[PDB]
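Order of writing sets the chain letters: A, B, C, D, E and F. Residues in each chain are counted from 1.
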Amino acid sequence: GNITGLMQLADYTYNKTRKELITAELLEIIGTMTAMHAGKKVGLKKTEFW
Amino acid sequence: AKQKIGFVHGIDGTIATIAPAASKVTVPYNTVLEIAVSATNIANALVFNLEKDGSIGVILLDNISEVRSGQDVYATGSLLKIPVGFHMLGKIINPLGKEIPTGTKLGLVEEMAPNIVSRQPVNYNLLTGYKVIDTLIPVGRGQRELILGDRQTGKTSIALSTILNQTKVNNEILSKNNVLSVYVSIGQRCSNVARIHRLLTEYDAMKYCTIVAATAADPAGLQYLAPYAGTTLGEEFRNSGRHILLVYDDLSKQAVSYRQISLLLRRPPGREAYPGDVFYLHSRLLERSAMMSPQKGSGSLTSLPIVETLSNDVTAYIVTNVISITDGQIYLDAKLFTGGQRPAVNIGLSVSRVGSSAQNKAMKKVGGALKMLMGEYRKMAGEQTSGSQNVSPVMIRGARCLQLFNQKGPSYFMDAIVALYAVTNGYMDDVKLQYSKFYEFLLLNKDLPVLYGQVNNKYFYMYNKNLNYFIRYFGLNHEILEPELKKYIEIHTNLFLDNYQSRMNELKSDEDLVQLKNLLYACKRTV
Amino acid sequence: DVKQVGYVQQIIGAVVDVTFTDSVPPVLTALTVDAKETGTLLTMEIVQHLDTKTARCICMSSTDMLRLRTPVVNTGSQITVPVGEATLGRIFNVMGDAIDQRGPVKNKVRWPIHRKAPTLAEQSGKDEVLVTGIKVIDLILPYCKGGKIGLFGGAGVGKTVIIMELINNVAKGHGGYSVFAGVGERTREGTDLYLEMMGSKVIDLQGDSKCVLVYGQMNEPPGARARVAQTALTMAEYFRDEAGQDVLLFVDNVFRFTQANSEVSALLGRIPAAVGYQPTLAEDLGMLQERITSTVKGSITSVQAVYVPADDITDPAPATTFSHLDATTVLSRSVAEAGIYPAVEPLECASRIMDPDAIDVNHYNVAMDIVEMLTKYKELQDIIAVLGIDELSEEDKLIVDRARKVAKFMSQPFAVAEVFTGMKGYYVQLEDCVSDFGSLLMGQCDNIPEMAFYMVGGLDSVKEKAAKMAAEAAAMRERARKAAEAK
Amino acid sequence: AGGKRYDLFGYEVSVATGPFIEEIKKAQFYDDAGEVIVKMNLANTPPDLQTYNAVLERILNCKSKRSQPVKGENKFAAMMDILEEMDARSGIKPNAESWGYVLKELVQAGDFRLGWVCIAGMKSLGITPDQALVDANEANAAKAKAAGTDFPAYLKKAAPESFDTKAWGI
Amino acid sequence: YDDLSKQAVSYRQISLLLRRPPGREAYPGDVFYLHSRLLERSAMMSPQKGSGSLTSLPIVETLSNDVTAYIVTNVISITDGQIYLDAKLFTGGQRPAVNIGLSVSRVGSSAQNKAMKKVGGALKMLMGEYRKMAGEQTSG
Amino acid sequence: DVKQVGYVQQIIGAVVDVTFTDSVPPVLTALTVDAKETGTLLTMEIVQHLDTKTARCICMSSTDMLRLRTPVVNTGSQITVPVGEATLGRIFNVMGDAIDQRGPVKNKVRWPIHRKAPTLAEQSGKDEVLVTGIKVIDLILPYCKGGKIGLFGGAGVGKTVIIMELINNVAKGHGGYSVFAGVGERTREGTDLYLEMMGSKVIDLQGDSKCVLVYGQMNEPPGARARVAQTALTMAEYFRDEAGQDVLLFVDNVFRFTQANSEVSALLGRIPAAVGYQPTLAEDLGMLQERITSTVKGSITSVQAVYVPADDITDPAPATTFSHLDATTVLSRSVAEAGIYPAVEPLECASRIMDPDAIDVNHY
């Protein structure tokens, strides 16, 4: 019974860490991508077309 | 005439953006700039980004509060430099070279490392003063050995004890083989630096030491360039044929500063938010450690970087990046620090990738014995001792050696080889474990045979402190020191077991027992 | 005739953008900037294009004191590297410039750095074992000549020492040539290897050398650290194809070649992957790995290393490096902490040429039987940790003791590890390496103690060590007798 | 006019060493000799046995390490460390002249116990000391014996019979 | 297919370099739909369609016996069964190193022949009990 | 002289942009808008410049009914708050304004909230144990007069109760002016403390008060919570330097100072580093911590509380707060669930004065 209880705690912690790591990698990727998007200028950059 | 390049477009804390002047003037990369915050004062800076529209992303390093938008920006056209020389020894200094009060030559901050031909392998040692680091984790000169561990585990104290150990020798030997020192405090509190300066002044270790402080109140760019400034001071001592020691306090803080600088300058993040090129940072820093070739003066600088660790994990990005760089590592475990023993080195996880070649002739043989003894003792030590009289010799000698490893301050070479010799050869096997250090104290500071009249040895006594330079040359496994060493240790053990051990075991009163307990802990501390 | 000029747009770290009015050069082209302004010849290599008139390129040297709109010359060719007999016994950078102070490099020809992989028709799979002298490798992982090897493991496991021992044992007897490629390596290891190869006369300057050494170390920028392996491959493929010789290709290590491009991935604008590595990691590694292969002309017996960060095998970089190898040697912290060296896990590692048809039947059978024993050994540490040895059958205790002897026996002292071990190395021949493990497999040596197997070579040395240990044990016994007689 | 010397990297090495030995012999404080060795090494002139012996000579005959005094100076430690730098680091081996200088210092300092170690190390390596210095060593030993300075006074006194952290001095 | 995990890495590279929006483990959302475009083309066709058939044996490499990964969870969600090999059995001489408890074929007996159904029902009723018995017995 | 004027440009939450035609003022400068437009007085400190003729600034009060061209007035100085004996026995806001409904504070001089930290020459670490009366705190993690203290603990573990017991023990028998800075904590606790002190004659309004209260609570926007601790330090530093008197500084808690600065950084557009935290977190926390030091003039024996979301020490905020402290006190939830209180985990705790040189050898 004690071993079971330890196993359920270990399972909850394992799955919690798994989901948190997935979210962390996702937010990292979205952050690097978001920074790259932020590094884009809004200027017209007009040039002659004739 | 000062040449201007633009005006401060914006400012975000420690960083800034420069907009170009009407002129087409170009600025170089990684060079220093100046910002005319006032008619008199100037705010130094450094280039970190150039852009298609001529804007310049700039790191600020001084007088940030005085910076505004629209201030003119001058360009020096030079990389960041700082003063260097022997006149800087005995000083706390800003990484910009500005001295911090208490109560001509210039060196580039970012230089290339010595190439594959301009560095000799490791041959000489750096006596940290701790028996473990000198025996089983031999640190050498030109080596770059990491110090890991969780918060409050002895990371700073090891390096301080190393610096304090070197002083007694440096006062004796010539000024070429003495090892100087630099303590770089990145992101640390100012009070800790004051306490360190007071400690070094008490032990007089400040003549051969300098400090480079970039506190938490200080700008991130200063915390970022501090260790490079320390290595830049070490450049001259390399090239002047001298020796020097680097102690980079928490490099994780040096990386937090780089992350701040990068992300505020709109650099893309990476793993654990770092820009990505944080490995190249520590690479450039630590590859400057070397033992230089005789063509370059036979100089050297050791590096003892310190890295904080969270819950004893070696899986974090920076820790892996640094373990990949550093030769060895000195892992400090909270479970052992909290488990009583101090310094809390974990031999299973701490190693040295130089080995015998770093440590000395006298220490090679002792370390070759101690490694085998500890490899045998690791397999048995998990057993609760049940064969109390049927215990093996290894279980005894390993426990006595672990007792000897307990320290607070450094230890002289002569004051360590003899103590470990008595363990590996079994002379300290009859006395119990708790008295293992009081024995050593008498073995090093209260000569019993000279006291009790048993003086047959011609020379070998532990009062002179100059026998070290004969042990260091000949070795104890020699025709002349071995028998005298045995005919000292055996009488010391006999007089101990007769007079002191017998009196110790006869104690039953709580008062005398506590008096003795405090004495044993004090001997663990001072020795 | 005239070489076109380009003008810098921006400089962000190792990344730089360049304008080209007429037309951009191809990808991977070399671009020089004179030493007049920055003090050194600053070379660059296009990684990708942006516009018809604008392109971006990495730099293999550090960019300091570099102004904007500086002229950038189009060499008309990618990074050319020297090849020939003159490359032997000389250190070389990424660019091919000799950094050792030995002299100029005679070069009748200079090949490029990037090249197409060999076609399937060119490839040739020959099952032929390589006698390393190492015992684990001789039995569980018979290295194949002309093949690909990988020493996976974290930091401080012994893959560098395995590279050094394999060099000492193979390159001496290798009548062909050899190539070492330090990639993100410690510079101190470069000095140690150079002095060893000089003292071993593998690099005989006045005579004739047979070993090239290329080095782009941790101090170097990512653009250099990524293009070292291609430089060494330009050196090696010449000896393979043109000279027709057999080649050794040592690498330390590929993970640095990966993480360098990862350090530039964000500057290039490429979106990172789950672990933070570049999206093109698998393709970038395949374009290199497929060049490392034997052909009808010659055969590269490559030996690689990979850093497994935090001992995480699930990391994509080793995960992708599995497919590109034939002998996936694996090292583990646990076996190293147990005092065993080489710290190989026989269960986690496997070989392609471990087949009955490629090698001897007895060799294959002994290896598979040992691997079958060690799994039960794991299943029995699972039990002994709880119950104790008393609660297992004698047939079970027999295999426990046999596996406990095998694990200690497959340890081996190396000549390179004299500093750490303090004991001279042993070269264990493959035939003896099977007779001894089989004799231990069938109980032929059970009376012999366990620790006699620790850190020795063949079976003869084991019996010598057992006789020794019995002598010192009788010495301790009679000394205890005499101590009781005295007092 | 001698065998060409080489570094560990097989490079050619200079042997013209007399101009630096003269800088050693002209010195007045024996820390300058170390800087002379350094400036010699930077010019690809590694020290030879004659140079180390001249440095030991200048050590022994000089009054102080530097112009100003220094605490913890030991005239013998620098000599013996130069010997370690000779044997282990640089590979050069000492000769009778080197150990003779090392013994002259122990004779002057009166440290009669290290002198016997120097004597034993000489003859263990085949070197034969000068009997003048051995007789001076034994004379200092006899003086320290009869005068009671055979050992320091702080060793020849009773230890605390009662265990106490303050009594033992820790 | 040897193998689809690398096909997924290639799709991820193509997507991220073209700046398609990312997702779990840096994979786009429709990577599942990729394998569904493929594996659903496998089918046992009707007697109106020549009675042809296309079988698929997609390989997917695991890491440390992980099955909660993205590509694995997708292909398991798609496939009409699965085969699960193990290295602990591959080293123990059990080659093929299947794990019968985790290996599943939802096509249980309709695929099997007249001679094979009887034998397979017997072997199932044998192995289901052999597992319970060997799992609880000692090593000795 | 004539006052500079600017115009609002854009608004994102508490963050505002202000175009100044002539030139931009320095960072940390206050900028006031009249109550005629928004309905209440509103001061806004500049934090960064975007370009010339622009400044990004954080609001203290809410931005409700703020428009895109409201005139803004440069005060020409940072947020000045009062100091002295007049600050005693009075509650104050982030702006130094009183809310106790008693009367006008009779200050003589006002000091800015933002200030450079003391120099290394001013610092003087004197090691002296602080007898709290608490049993765990004394033996394992002994406190230090003039040093810093940390009560690191999650939700419902008992760090606020430890602060209250330390008040009842230390502060009343301190002989020095105390300060209590509520940073993102319950408004109920401030009322309870004010009544407990007004009943203990520590805030005797008809006599001498030995206490100061500052309360920027969770109800307030991040612009207040991110600059309230600096106000309390402005109070404490006057007693430290000018009066030359020992003082206490109870922060409950610094984690909401960090949270506030993180929310602010998101409004400012700064790229988050880890767990959605600001890239300048370490710098922002050290500029506050290093002001808390015992110079030669006086001593500040701070008692800081820290919150650990999801009971995670690896959270960057506590992880950075650890290095800036002398005596940690890591509270636990499992120990509290076991009925033990205080829920200290002494294996995680640590101190600096735990050496024989300071404390007696038996105590060590």
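As a working rule, contacts are C-beta pairs under 8 Å (C-beta built on N, C-alpha and C of every residue); 3 or more make two chains touch, one makes a residue touch a chain.
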Touching both chain E and chain F we find A
Between chain B and chain D, the fewest steps along chains that touch one another: 1
What's the minimum number of touch steps needed to get from chain C to chain D? 1
Please state whether A-F or A-C has more C-beta contact pairs across its interface. A-C
Centre-to-centre on C-alpha atoms, which chain is most distant from chain F? D
By C-alpha centroids, what is the most central chain here? B
Between chain C and chain F, centroid-to-centroid distance (C-alpha), Å: 55
Distance between chain A and chain B based on Cα centroids, please, to the nearest Å. 37
Separation of the C-alpha centres, chain A versus chain E, in whole Å, is 29
Residues of chain B engaged with two or more neighbouring chains: 117, 120, 263, 266-273, 518, 522, 525
Mind pulling the chain C residues that touch 2 or more other chains? 101, 194-195, 266, 271-276
Two or more other chains in contact with one residue: find those residues in chain D. 8-9, 11, 165
Pairs of chains found to touch, sorted by chain label: A-B, A-C, A-E, A-F, B-C, B-D, B-F, C-D, C-E
Parts of chain F lying in touch with chain A, wherever the complex brings them together: 269, 271-272, 276
Chain B contact footprint on chain C (complex, rising order): 9-14, 17, 62-70, 91, 99-101, 155-156, 184, 186-188, 190-192, 194-195, 215, 217-219, 221-222, 259, 262-263, 265-267, 272, 275-276, 307, 309-310, 312, 337, 339, 419-420, 422
Residue set of chain C touching chain E in the complex reads 270-274, 279-280, 282-283, 313-314, 319-320, 323, 347, 368, 371-372, 374-376, 379-380, 383, 391-393, 395-396
Considering only the defined contacts, which chain E positions touch chain A in the complex? 22-26, 68
Can you list the residues on chain A that touch chain E in the complex? 18, 22, 25-26, 29-30, 33
